[PDB]
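Take a look at this single chain, the form deposited in one PDB entry, given in structure tokens.
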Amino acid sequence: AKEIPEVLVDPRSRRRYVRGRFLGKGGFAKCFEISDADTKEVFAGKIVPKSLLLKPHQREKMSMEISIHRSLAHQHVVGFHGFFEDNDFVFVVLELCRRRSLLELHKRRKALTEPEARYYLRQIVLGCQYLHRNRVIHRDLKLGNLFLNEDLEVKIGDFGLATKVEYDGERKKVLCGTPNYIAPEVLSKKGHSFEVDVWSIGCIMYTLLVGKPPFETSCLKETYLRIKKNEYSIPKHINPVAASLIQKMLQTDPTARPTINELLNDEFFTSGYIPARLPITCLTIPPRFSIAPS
């Protein structure tokens, strides 16, 4: 039958974890609230069964996710706190992001107010900067991969398609899997690089402001065509300041998009209100950002 242990023991560090509430199925994995029985400290447990890792291929991707994620630590990247295995499962101990992800927030709120976007996008961009500085391309940035903590801060996660750039000006040919906001130079298949993540962010931005993905069609393959044909509309009701930024990020030619270190310098940010923090109410009710209470 092959079920998951009630206590998850790491024989290496002698840390023991108590399998808490079930959070969901993040792909090949099942995810649980897990607490260290010593410090009582609470984490998210990514538990993936080895039965689904039978092929060395599926297996190397898991190892790469780990290898990459463990090397990273930044305010806007999901805290990676450890990993281990028994005979049947792989356990990964990650930062518990209690306010879920921008996906759930998007599904409750749809389109966001401009400062909220600015707020989030800034954080997305920063984490991503950290990644690119470390020669890491996420390659699968989407609302579901942008996790929110207690303070509504963005924590980039799931490095399942992440990759290290091993030398200057490398062009990665293969992408093993299918992202949401997948870049046109991936499908054009003459290589791809960092500018893929920028593209993704272009689509994230659009989505946050418009309330829907920029391409989203019935067919997946349908959606794939208009990506490489560059075919999307920006609604009238969207401010030009924002729309320009989006247009700059959603260019088919990768080398036209801004680098990650360029973005926060865009008019959209530099001449717009970026909140210092968000109210919790922002998960349900659009904030107006008043200047004084009553």
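Residues carry their position along the shown sequence, with the first being 1.
For the pair 268-276 and 8-16, the mean B factor over Cα atoms is greater in 8-16. Taking the mean C-alpha B-factor of each stretch as recorded, 110-118 and 213-221 are not equal, and the higher mean is that of 213-221. When the C-alpha B factors of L148, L131, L141, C176 are read from the deposited coordinates, the top value falls at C176. Of the residues listed, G202, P184, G79, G160, the entry assigns the biggest Cα temperature factor to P184. Sort the chain's modelled residues by C-alpha temperature factor and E85 lands in the middle third, per the entry.
In this PDB entry, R99 carries a Cα temperature factor that places it within the lowest third of its chain's modelled residues. Among all modelled residues in this chain, the alpha-carbon of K172 has a temperature factor (C-alpha) in the highest third. When the modelled residues of the chain are ordered by C-alpha B-factor, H237 sits in the highest third. Among the modelled residues of its chain, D197 has a C-alpha B-factor that falls in the lowest third, as given in the PDB entry.
The same protein also has a form deposited with a partner chain bound, omitted here; what follows describes it.
Think of it this way: in the deposited complex, the partner chain has a heavy atom of just one of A256, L264, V241, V42 within 4.5 Å, and the residue is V42.
Among the residues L72, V136, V90, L105, the one placing a heavy atom within 4.5 Å of the partner chain in the deposited complex is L105. Contact annotation for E150: at least one heavy atom lies within 4.5 Å of the partner chain in the deposited complex. Interface membership of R19, defined by any non-hydrogen atom within 4.5 Å of the partner chain in the deposited complex, is confirmed. Taking non-hydrogen atoms only, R99 approaches the partner chain to within 4.5 angstroms in the deposited complex. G272 falls outside the set of residues with a heavy atom inside 4.5 Å of the partner chain in the deposited complex. The stretch from 126-134, 197-205, 107-115, 79-87 that comes within 4.5 Å of the partner chain in the deposited complex, counting heavy atoms only, is 107-115.
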